[PDB]
Structures are given as C-alpha cells and as structure tokens.
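For reference, the structure discussed in these notes is given below.
Side chains included, hydrogens not; waters and symmetry mates left out as well; all remaining heavy atoms used. Chain letters run A, B, ... following the sequence lines, proteins first, then strands; residues in each count from 1.
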Amino acid sequence: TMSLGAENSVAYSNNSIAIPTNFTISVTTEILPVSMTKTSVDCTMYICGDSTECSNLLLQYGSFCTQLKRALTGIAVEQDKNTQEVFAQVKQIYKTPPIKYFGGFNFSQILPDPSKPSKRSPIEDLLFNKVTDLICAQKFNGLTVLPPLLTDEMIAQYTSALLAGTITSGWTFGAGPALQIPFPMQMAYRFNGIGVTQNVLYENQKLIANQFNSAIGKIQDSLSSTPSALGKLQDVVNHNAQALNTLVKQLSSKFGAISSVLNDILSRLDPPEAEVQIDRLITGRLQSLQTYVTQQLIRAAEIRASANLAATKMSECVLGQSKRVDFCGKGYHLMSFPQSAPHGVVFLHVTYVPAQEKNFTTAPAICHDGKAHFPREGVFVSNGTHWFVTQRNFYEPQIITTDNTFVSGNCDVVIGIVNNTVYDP
Amino acid sequence: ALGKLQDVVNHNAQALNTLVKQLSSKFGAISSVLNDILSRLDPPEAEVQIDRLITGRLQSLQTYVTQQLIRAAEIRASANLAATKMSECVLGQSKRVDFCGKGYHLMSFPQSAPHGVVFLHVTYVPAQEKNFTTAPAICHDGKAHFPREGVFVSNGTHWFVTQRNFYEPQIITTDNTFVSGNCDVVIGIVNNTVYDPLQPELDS
Amino acid sequence: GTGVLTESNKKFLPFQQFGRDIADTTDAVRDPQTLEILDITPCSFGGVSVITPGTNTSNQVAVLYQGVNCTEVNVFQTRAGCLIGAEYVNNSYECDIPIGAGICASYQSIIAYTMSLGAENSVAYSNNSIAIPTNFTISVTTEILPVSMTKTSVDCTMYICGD
Ligand SMILES: *[C@@H]1O[C@H](CO)[C@@H](O[C@@H]2O[C@H](CO)[C@@H](O)[C@H](O)[C@H]2NC(C)=O)[C@H](O)[C@H]1NC(C)=O
Ligand SMILES: *[C@@H]1O[C@H](CO)[C@@H](O[C@@H]2O[C@H](CO)[C@@H](O)[C@H](O)[C@H]2NC(C)=O)[C@H](O)[C@H]1NC(C)=O
Ligand SMILES: *[C@@H]1O[C@H](CO)[C@@H](O[C@@H]2O[C@H](CO)[C@@H](O)[C@H](O)[C@H]2NC(C)=O)[C@H](O)[C@H]1NC(C)=O
Ligand SMILES: *[C@@H]1O[C@H](CO)[C@@H](O[C@@H]2O[C@H](CO)[C@@H](O)[C@H](O)[C@H]2NC(C)=O)[C@H](O)[C@H]1NC(C)=O
Ligand SMILES: *[C@@H]1O[C@H](CO)[C@@H](O[C@@H]2O[C@H](CO)[C@@H](O)[C@H](O)[C@H]2NC(C)=O)[C@H](O)[C@H]1NC(C)=O
Ligand SMILES: *[C@@H]1O[C@H](CO)[C@@H](O[C@@H]2O[C@H](CO)[C@@H](O)[C@H](O)[C@H]2NC(C)=O)[C@H](O)[C@H]1NC(C)=O
Ligand SMILES: *[C@@H]1O[C@H](CO)[C@@H](O[C@@H]2O[C@H](CO)[C@@H](O)[C@H](O)[C@H]2NC(C)=O)[C@H](O)[C@H]1NC(C)=O
Ligand SMILES: *[C@@H]1O[C@H](CO)[C@@H](O[C@@H]2O[C@H](CO)[C@@H](O)[C@H](O)[C@H]2NC(C)=O)[C@H](O)[C@H]1NC(C)=O
Ligand SMILES: *[C@@H]1O[C@H](CO)[C@@H](O[C@@H]2O[C@H](CO)[C@@H](O)[C@H](O)[C@H]2NC(C)=O)[C@H](O)[C@H]1NC(C)=O
Ligand SMILES: *[C@@H]1O[C@H](CO)[C@@H](O)[C@H](O)[C@H]1NC(C)=O
Ligand SMILES: *[C@@H]1O[C@H](CO)[C@@H](O)[C@H](O)[C@H]1NC(C)=O
Ligand SMILES: *[C@@H]1O[C@H](CO)[C@@H](O)[C@H](O)[C@H]1NC(C)=O
C-alpha cells in the first residue's frame, strides 16, 4: 500500500510562531509542449495512389477529402500560431551587454554561446540533443511533413531577446519600453515583491548569487543526468511519428478484400467485383484517414491548451513577477528564464524558499500606556525575555517603536495582548 | 479586426453546407435520391442501395457531430477565458502581466459583439524615460539607508529618492528611508547626507 | 509499382528477393535477370501551393512546390520546397505571406525573404545607471474573444432518409 507522504505534525500553539532565519534560492524546471509536427495528407494519393478507377469510385463519397485537408491545414496554421503566441511576445530583439557582469550572478548556462554555430545556450543545446527510413516511408505514401514557420535559430533568438530583456531591464520591457536597472537592484525589487526588505538582498548579495549559480549548475546536471526529464516533448514526437506509421501501416490492410494492392485487384477481377473490392479498400483507408485526422484534432486541442498555458507562463513568470502560488515554481517566485526546446519551452523558475526556521513566542498586540500597538508591516516575536518586531518572511528583530507600530484602541479588546514598552524616538 | 468571431461564423455555416453537400453524394449507389431508388427498384436491391446511402450519410453526420464537439470544446475554453477576463479585468484590477492588455493594467471595459466579447483594456505605459545614476543605499553617519518605497537617483551632483514608475525627485530624509546596518556590507553604497526634519525644529 | 530505381548499397542474402521499410513499404528489390540490388525510390510528388496577394491589388502569383527540389520540376530553393515566381531579397521585413522555414513572401512584383523577428535594440546596461520614466501614455487596446457558436439541431431521420 503506497505511502502518501512522510508524517509531520506541526507544533501549533496559540502563542508561538516560526520565523525563517535563512533562505534557499531554488531553480526548478517546467517543460511545456508548444507545437506539433505539421502534417498534410494527399487524400487521393493516400487512398488510391496512381489508380484512375479508384479515384473515380472515390469521387462518389463527396467532400470527405476536402474536409480532411481543411482540418489538417487548420492544425498546421494553429501550430505556427502557438509558436508565435509563446515566443514572439517582444517586438524588440534585446541584446546583453558585452561585459557579462551582473553583480555576481552567472548566466552563462542560459545565455547564447558565441562559440557555437547554432547560437544556443548550453541548456538549450542540451535540450535539443536530449530530445530526438521512417521519414522517407511517411513521405512516399502521400503524407508530407511541413516545416515550422519559425526555425529553431529564430526561436532561440526570441528566447535570447527575452533573456536579455529580463536580465538588463527586469519587468519593465514587458510593460513598455525597456528601462535599464542594475541586476542587484532588480533582485531587490523582486525581494520586495515577495515581502522581503531590500537590505536582506543587499547584505546577502554574494550568498544569493552563489546559491543562484549553484542552482543553475544543478539544473544543467539534473537535465543531463535524467532520461525522463524531457519526457513530455519526446512523447509528442513519439505520438506523431507513431500516428503516421499507423496510417502508413493501414495501407497494408486488406479490410476484408482479397488483396491490399489495387493493381492486383484490377489485373485479376472483372469490373463488377473489382469495383466492390476497390470500394472496400477505399472505405477502410478513408476510415483510417478520418480516424487519424480526428486524433490529430484532439491532440491539436491539447497542444493548443498547453501552448496557451506556456504563453501565460511566459507573460506572467518571465515578463513579470507572479504572486500566484505554484504557477511559476515551488516557493515564493522571484523570476523565470525561458529556454527553447524542440516543440516546446523550458522555464527555469527562480524562487525563494525559506529555511532554518526558529520558534518564537508571539503576541497579536503590545499594550503600552493603556494603548494597543499593532505592527505596521511585521509581527511581534519574543526570544524569551525581550520583545521585538520582525518581518514575516525573514528573522530580523528590531526594537518596538512608534515608527513601526500603529495605535488602535485600548488594551481591553484584543485577546492575547502582552505588556511591553514601546520606545519613542 | 474582427476576424476571429467571423471565423467562427464562417466555420459553422461551412460545416452545415458541407453536410448539406453530402446529400448529393451517391456513396457507391446508383443514385443519390432515395425517392428514385424506391420508384425504380424492387425491395431486395433497393434495400442494398438505401443501405449504402444510409451508411454514407450516417458517416457524414457523425463526422459533423465530432467536429462540432471539438469546436464546442474550443469555444468553451475561449468562453472560460472570456469569463476570467471579465472577472479579473473588468470587475477588478489585475496584476497579471499581459492578461488585461499590454502595459500596467488600469481597468477594462466590456463590449458585446456577435458571438463574442471585446475587451477595451486601459493600461498605463511608461514613456519619456531618462537616465540617472543609481545606488543601492546611502551611507550617512556610519549607517546604511535604504528606500522605503522608491529608488535612489542622481542627476549628476545631487541625490534624490523617487518612485520607480514615475520621475518625482524628493530630498532624501529619514521619513522616506530606513536604516539597516552600517556601510561596510552593502556593495555600491554611496556617501550622501540624509536630512532630518526634527533638526531645524530643535535648532530654532 | 512506380518509382525510380537507383543503385543500392544494401547487401541482400541470396534467398531474399524484395526489401521492406520499417513501416512495411518496399524500399529495395533484386533484379531477376542480373543479381543486383536496386533502391526503389518513389517518384517526386509535391503540394502545389499558390502565393498571391488580393485580386483587388494584383494578379501576379507565385507557386511553391512543397518538398520538391528545384531541379526536379525567378526560381528559388527553400527548405519548404521550390518557389517559382518570387525573387529572393536579402532585406528582412515582417511576415506577410508565410512560406515556411523562416521564409515569407510579400508584394511590393512578389518577393521572398527571411523574415525579421523584430527591430534590434541594445539596452544600455551598466552596474550603476537606471532609467526612470518621466511621462506616461494611457493606452487602450482591444481583445476579441469568441463566446458562443450557432446552436444547431439535426433531425437524424429526416436528414438520412427524408420522407
Ligand atoms: C518549536 O517547538 C516545538 C515544540 O517544542 C518543536 O516540536 C518538536 O519537534 C521535535 C523534533 O522535531 C519532536 O520530537 C517533538 O515531538 C515536537 N514537539 C511538538 C509539541 O510538536 C519544534 O521542532 C520547534 N521548532 C523549531 C524550528 O525548532
Ligand atoms: C544561511 O545558509 C547559508 C547556506 O545556504 C550559509 O552559508 C554557509 O555558511 C557557512 C559558514 O559561514 C560556510 O561554511 C558555507 O560555505 C556557506 N555556504 C554558502 C553556499 O555560502 C549561511 O551562513 C547561513 N546563514 C545563517 C545566518 O545561518
Ligand atoms: C560563470 O560560470 C561558468 C560556467 O559555470 C564559468 O566557466 C568556468 O570557468 C572555470 C574557471 O575559469 C573553468 O574551469 C570551467 O571550465 C568553466 N566552465 C565553462 C562551462 O565554461 C565562469 O568562470 C563563470 N564566471 C563568469 C564571470 O563567467
Ligand atoms: C533576547 O535578545 C536580546 C537582544 O539580543 C538579548 O539581550 C542582550 O543579550 C546579550 C547577551 O546576554 C547582552 O550582552 C546584551 O546586553 C542584551 N541586550 C539588552 C538590551 O539587554 C536577550 O538576552 C535575549 N534573551 C534570551 C533569553 O536569549
Ligand atoms: C498590563 O499592565 C496593566 C497596567 O499596567 C495591568 O493592569 C493592572 O492590573 C493590576 C493587577 O492585575 C490592577 O491592580 C491595576 O488596576 C491594573 N491597571 C489598569 C490600568 O488596568 C495588567 O494587569 C498588565 N497585564 C499583565 C499580563 O501583566
Ligand atoms: C540636480 O538637481 C538639483 C535640484 O533639482 C539641482 O540643484 C539646483 O539647480 C538649480 C539650477 O542650477 C539652482 O538654481 C538651485 O539653486 C540648485 N539647488 C541646490 C539645492 O543646489 C542641480 O543643479 C541638478 N544637477 C544637474 C547636474 O542637473
Ligand atoms: C564615505 O565616507 C567614509 C567616512 O567619512 C569614508 O571613509 C573614510 O575614508 C578616508 C579616506 O579613504 C579615511 O581617511 C577615513 O579614515 C575613512 N573613515 C572611515 C570611518 O572609514 C569613505 O572613504 C567615503 N567614501 C567615498 C566613496 O567617498
Ligand atoms: C542612457 O545612456 C546610454 C549611454 O550613455 C544611451 O545609450 C545610447 O543611445 C544612443 C541613441 O539611442 C546610441 O547611439 C548609443 O550607442 C547608446 N549607447 C550605449 C552605450 O548603449 C541611452 O540612450 C540613454 N538613455 C536615454 C533615455 O537617453
Ligand atoms: C507628457 O506628454 C504629454 C503628451 O503625451 C505632454 O502634453 C503635451 O504638452 C505639450 C507642451 O506642453 C503640448 O503642446 C501638447 O498639446 C500636450 N499634449 C497633450 C495630449 O496634452 C506633456 O507636456 C508631457 N509632460 C512632460 C513632463 O514631459
Ligand atoms: C493559550 O493556551 C494556553 C493553554 O492552552 C492558555 O493557558 C492561555 O491562556 C492561552 N492564551 C491565549 C491568549 O488564548
Ligand atoms: C561598476 O563597474 C565599473 C566598471 O565597469 C567599476 O569601475 C565600478 O567600480 C563598478 N561599481 C560597482 C558598484 O560595482
Ligand atoms: C539470366 O539471363 C541472362 C541473360 O543473358 C543469362 O546470362 C543468365 O545466365 C541468366 N541467369 C541468371 C541466374 O542470371
């Protein structure tokens, strides 16, 4: 019987709080499929090939062929639209400065490599390597794979522009003109977004930079060392080729006829029964093609939903800081980096995870001079003998003064109010 | 401009037209008209011809219903998205980037359209940006000062604190800065005075 | 069948006569007069696509043979296929008519080009400089979303059989 999880009992009490005293910069990967293989089918060539009599009999069924071609054309344009929606979200191609110094933060693994001809990042190069006469057989039966409108190098260029915008300008480029800001100041703004003061980032800048660099290196090692990391994108490739193979395989099916070869049927039988045999082959092949188009449409809907989600993540996680829980990684979200992948996008979510929490005795309000004092932005904590006010997400005790507390009412209404002095500047 | 809604209308009529067009298909039978088949053949072979017509027309109708269900799923997803935009953009102000227009979202207006909704997203776009020299903190009297809500900027000789999204320089005082630590830890801290409001009061 | 018979590097065993693909399609054969192996490759086929602007504007057209090399058919070779009737221009513009593999076509005659992704902007990043907005623009933008479709009901018996 499978275990759901490790058992943890939270030490809940009416007057105790746990405050984090440290943090971990966690980078996590999110892999999203964006597009599929664009397929076009020649209905007449697939069902009948070179046989004129088969085409003449096929004409009796009407506009089935036109319907299948139209549906496939809609899917093919939809895939390009999906790629445009996910990646072509900036109209300026931003570039990084020639001096790659960002206050200790290292972005070598995600920025484009000049040495490589493909102009891809090490992570993107790893993603393309790790995602992989079949093509000839699919082509020879009247099924054609159409090239993506955006080539891999242009998609990589779009990711590079997004990375340059998010690194040099923060979230400003997503909401208008790209405004330059130093990267430590940008990270301080992101720290303020999740409710941590700027001083925590500035004082611990080298530690945060080291943690970020270590996490990025771990991400590259994790992708290189795990076969099932890129399972989703490969699955899409796996489905598409298999579908074409199955459709090709359906040409070798008798479908209740004497032979699967039209030429043998013509060369061996009179037209009254040859017409019947060709009709059986036509209905079986047409059913196979309709089945293939129907699954292609269902997969197109699923990929369109995934692409819409990927576009939403690109807008909310890469082009801004998100306050939505778990949308842009596990933890308090700081920023995200896009990486191009075959038929998809990989988001590196940089999040803030609290760590090394410590118990403190807490009170809702402080009673001083017959007045109730409440924290403006923090929480009251006690280490045993002395009372302090600290920010909720990091332990930084400060003296309780009138500057950081506000007075509302007397001490007779608040349940759990404790008596302590409030300093006056 | 209104290509998406018209496209939906274009698909629906076309689907019906295709289904109507499928009535003119022999489907491997002598004729596409059932009345002719009845008026021309005995029931043993008329049953076969009617069977061919029935299976072809039934396949056409099932195909039409299948694409109608797929399109219904797509339109349901679009309608759910439209309801989400109506709740978050019209009935409130959204902090989600690009959900309610390009730029910092202020408000949205709904307009009815045939088979659809048009959202007029009113957003705030920054413009006419100006370069300034910036610092993370101000060092005064051996203490590090950080902005409460803004950013430190310098026009070349003087330091000010301004809000991030609009240029409004103000004198750096204790009211708009907070003190955390000394000047030895912050990388890039610059030396500047921090004004005290109480100093002229007790001085005079 | 029907196909080109090219020279084959495949060494058949003496008992084998035909050859098949992974997907069970014939890819090779042994000639019964001279014991040699031939690579049966089917003749070239392509999806003829016509690239045109509006008839209100012009009647000039270009033809794209999808998947067909240009030697087997203003002739330009693209990864999508062979494009006849459009002149390649080294300038980059926005995409007007999509061709594929980064190639787009436009009317100015019909030209084919590698589409520009966007205007090139280099952000003046430095470790101590910030850009602060001094003004604003109130921008109203349109977002069009479909909500409902036409409600259709079909009488199954009347449609299939009538009276
Ligand atoms: C806060 O105090 C509580 C209680 O003193 C701690 O909870 C105990 O944790 C230990 C080991 O984790 C367990 O063996 C005890 O059974 C727990 N007691 C209760 C009542 O839950 C808690 O670990 C303290 N928090 C920190 C961060 O030290
Ligand atoms: C917070 O945790 C970090 C680690 O994530 C601590 O940094 C380590 O500090 C020890 C002792 O000074 C060093 O030996 C390690 O090399 C440091 N690790 C890294 C990655 O820099 C840090 O000291 C902790 N801070 C507090 C206040 O507990
Ligand atoms: C940023 O990270 C890269 C890679 O993580 C660092 O490049 C390494 O540099 C060391 C010492 O110079 C070499 O021994 C490694 O072989 C390099 N690895 C790679 C993959 O190039 C780089 O030094 C870091 N710092 C900067 C400023 O770029
Ligand atoms: C709670 O924290 C306060 C503040 O750090 C502690 O007060 C200081 O304790 C040190 C060590 O005994 C003394 O050298 C200082 O003179 C104390 N400062 C003041 C203003 O009294 C206090 O001891 C802590 N309490 C507990 C139980 O750890
Ligand atoms: C907090 O302080 C107040 C005032 O200093 C205390 O209220 C006094 O309590 C004593 C005995 O309980 C009475 O004799 C006084 O008349 C009370 N004064 C007022 C103004 O109410 C209160 O008891 C203190 N609470 C704690 C927990 O120490
Ligand atoms: C930076 O801004 C400050 C304040 O806006 C400027 O200081 C004032 O400049 C005007 C014009 O020269 C003088 O009339 C005032 O007397 C100055 N005020 C003070 C308090 O000195 C300053 O000149 C600006 N610096 C630059 C390089 O533009
Ligand atoms: C910022 O101010 C501090 C303190 O006034 C400066 O530190 C002094 O620097 C001088 C010359 O380097 C020394 O002679 C003093 O002993 C230093 N005093 C202290 C307390 O450190 C610092 O140099 C100033 N920084 C800038 C950039 O002007
Ligand atoms: C901020 O200063 C930088 C550099 O001092 C300006 O960037 C220059 O812009 C001009 C015109 O756009 C270019 O010709 C230069 O090549 C740029 N130089 C660099 C180093 O990028 C930038 O325009 C200034 N910002 C504003 C708003 O004027
Ligand atoms: C901010 O931009 C607005 C326009 O978007 C400026 O308003 C213009 O001001 C000029 C000169 O004062 C007038 O001739 C125009 O008629 C104004 N246009 C509008 C639409 O009102 C405004 O002056 C700018 N403000 C700053 C500080 O640069
Ligand atoms: C908290 O609970 C303890 C025991 O459960 C009790 O003695 C104490 O009065 C309670 N305090 C408040 C503020 O409820
Ligand atoms: C910023 O970089 C310049 C050179 O690029 C250097 O002279 C200066 O010391 C740096 N300042 C900080 C705060 O890193
Ligand atoms: C096949 O025919 C050719 C014709 O010249 C002859 O030379 C050869 O011996 C025959 N047999 C085989 C096994 O090739």
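Take B/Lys85 and apply the salt bridge (charged side-chain N to carboxylate O under 4.0 Å, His left out) test, not counting sequence neighbours, and it matches C/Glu143. For C/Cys161, there are no disulfide bond (SG atoms under 2.5 Å apart) partners at least two apart in sequence or on another chain. By the salt bridge (charged side-chain N to carboxylate O under 4.0 Å, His left out) test, A/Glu124 is found to be paired with no residue, residues two or more places apart in sequence or in another chain being considered. By the side chain to side chain contact (heavy atoms under 4.5 Å, CB included) test, C/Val61 is found to be paired with C/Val50, C/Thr52, residues two or more places apart in sequence or in another chain being considered. In this view, C/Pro98 and A/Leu149, C/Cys95 satisfy the side chain to side chain contact (heavy atoms under 4.5 Å, CB included) rule, not counting sequence neighbours. Judged as a salt bridge (charged side-chain N to carboxylate O under 4.0 Å, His left out), and not counting sequence neighbours, A/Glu275 has no contacts. Taking A/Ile282 as the reference, A/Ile47, A/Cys48, A/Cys54, A/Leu57, A/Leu58, A/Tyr61, A/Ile278 meet the side chain to side chain contact (heavy atoms under 4.5 Å, CB included) condition, with sequence neighbours excluded. Residues satisfying the side chain to side chain contact (heavy atoms under 4.5 Å, CB included) criterion with A/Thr83, sequence neighbours excluded, are A/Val34, A/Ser35, A/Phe87, A/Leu150, A/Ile155. B/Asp98 meets the salt bridge (charged side-chain N to carboxylate O under 4.0 Å, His left out) test with B/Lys102; sequence neighbours excluded.
Here the straight-line distance linking atom CZ of A/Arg285 with atom SG of A/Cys43 works out to 11.5 Å at 0.5 Å rounding. Rounded to the nearest 0.5 Å, atoms NZ (A/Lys130) and CG (A/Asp125) are 12.5 Å apart. Residue A/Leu143 holds its CG atom at 13.0 Å from CD1 of A/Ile135, rounded to the nearest 0.5 Å. To the nearest 0.5 Å, atoms CD (A/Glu78) and OG1 (A/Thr73) are separated by 12.0 Å. In this structure, OG on C/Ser8 lies 10.0 Å from CD1 on C/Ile40, to the nearest 0.5 angstrom.
Salt bridge annotation for C/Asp27-C/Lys10: present, with a cationic side-chain nitrogen under 4.0 angstrom from a carboxylate oxygen.
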Mind running side-chain contact (heavy atoms from CB on, under 4.5 Å) on A/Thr37 and A/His343 for me, showing each step along the way? CA-CA 8 Å; A/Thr37 290; A/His343 300 304; 3.9 Å; yes

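A/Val41 pairs in a side-chain contact (heavy atoms from CB on, under 4.5 Å) with only one of the listed residues (A/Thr144, A/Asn141, A/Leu72), which is A/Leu72.
Heavy atoms from other residues, nucleotides or ligands lying under 6.0 Å from CZ of A/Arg268 number 12 at most. Atom NZ of B/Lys4 is surrounded by 12 or fewer heavy atoms from other residues, nucleotides or ligands within 6.0 Å.
Applying the disulfide bond (SG atoms under 2.5 Å apart) test to residues at least two apart or on different chains, the pairs with a partner in residues 249-317 of chain A are A/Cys317-A/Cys328.
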Counting only pairs under 3.5 Å, give me each side-chain donor-acceptor contact of residues 63-77 of chain B, with atom names and distances, residues two or more places apart or in other chains.
from, atom 1, to, atom 2, distance (Å)
B/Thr63, OG1, B/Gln59, O, 2.9
B/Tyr64, OH, C/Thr152, OG1, 2.9
B/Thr66, OG1, B/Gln62, O, 2.7
B/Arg71, NH1, B/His11, O, 3.3

Side chains of residues 23-30 of chain B: which donor-acceptor partners sit under 3.5 Å, not counting sequence neighbours?
from, atom 1, to, atom 2, distance (Å)
B/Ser24, OG, B/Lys21, O, 2.8
B/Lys26, NZ, B/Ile30, O, 3.4

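Donor-acceptor pairing under 3.5 Å is lacking for the side chains of A/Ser118 and A/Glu153. Between the side chains of A/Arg120 and A/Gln339, no donor-acceptor pair of N or O atoms lies under 3.5 Å.
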